[PDB]
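Residue-level listing of the chains:
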2 protein chains.
Amino acid sequence: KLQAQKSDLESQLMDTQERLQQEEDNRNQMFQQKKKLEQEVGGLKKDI
Amino acid sequence: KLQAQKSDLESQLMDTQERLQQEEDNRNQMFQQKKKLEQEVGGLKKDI
């Protein structure tokens, strides 16, 4: 049973590390969408 | 050798858990960074 409490781990660890590989897009989808922003509003404040 | 190897897996039960909460809460200020600036995107482009 001590290995039974071991074996049910790495099941959800594959879920959470994929979930950890899930959030890196929302990490990265912001970073492009801010580099599309502060580069254009810095261009836009230059236009004003 | 079980419990020394086991405790490293429960560290990843905590590390992959909290680093998931590291991102989406960092996403919250990231999503706050967008819509409160995108309102200022329209108003300055309204001025042009």
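Residues numbered from 1 in each chain as written, not as in the entry; some residues may be left out. Chains lettered and ligands numbered in written order. Part of a larger assembly, values for the part shown. Heavy atoms only, no water.

Structure determination for this entry is recorded as cryo-EM, at 4.25 Å resolution.

Asks: Whenever I open this one, the environment of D47(B) confuses me. Can you help?
Replies: Residues and elements named next belong to chain B. Along the chain, the position of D47 falls in helix α1 (residues 2–47). According to the relative accessible area criterion, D47 is exposed, its value standing at 61%. A sequence separation of 20 residues divides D47 from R27, and the C-alpha atoms of the two residues are 31 Å apart. (Helix = DSSP H or I, 4+ residues; strand = E, 2+ residues; numbered from the N terminus. Buried < 20%, exposed > 50% of the residue type's maximum accessible area, 1.4 Å probe, protein only.)

Asks: What exactly am I supposed to notice about the relation of the copies chain A and chain B here?
Replies: A rotation about some axis, followed by a shift along it, carries one copy of the chain onto the other. Mapping chain A onto chain B is achieved by rotating through 154° and translating by 1.2 Å along the same axis, at an RMSD of 2.0 Å. Looking at the interface residues of chain A, 76% of them are also at the interface in chain B, so both copies use one shared face. (Least-squares fit on C-alpha atoms. Contact = heavy atoms within 4.5 Å.)

Asks: It is not clear to me how the interface of chain A and chain B should be interpreted in this structure. Could you clarify?
Replies: Accessible area lost upon the coming together of the parts is a frequently used measure of interface size. Between chain A and chain B, the contact holds 21 residues from the first and 20 residues from the second. A buried area of about 2,000 Å², summed over both sides, lies between chain A and chain B, and 76% of it is on carbon and sulfur atoms. Inspection of the region where chain A meets chain B yields zero salt bridges. Linking chain A to chain B there are two residue pairs in polar contact. Sorting the residues of the side of chain A that touches chain B by element identifies α1 (4–7), α2 (11–20), α3 (23–35) and α4 (38–47) of chain A as the ones contributing at least two each. Per-element tally for the side of chain A that touches chain B: the top contributor is α3(A), with six residues. Residues belonging to the side of chain A that touches chain B are distributed by class as follows: nine nonpolar, five polar and seven charged. (Buried area = accessible area lost by both parts, 1.4 Å probe. Salt bridge = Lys/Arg side-chain N within 4 Å of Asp/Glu carboxyl O. Polar contact = N/O pair within 3.5 Å; in protein donor to acceptor, adjacent residues only side chain to side chain. Nonpolar A, V, L, I, M, F, W, Y, C, P; charged D, E, K, R; others polar.)

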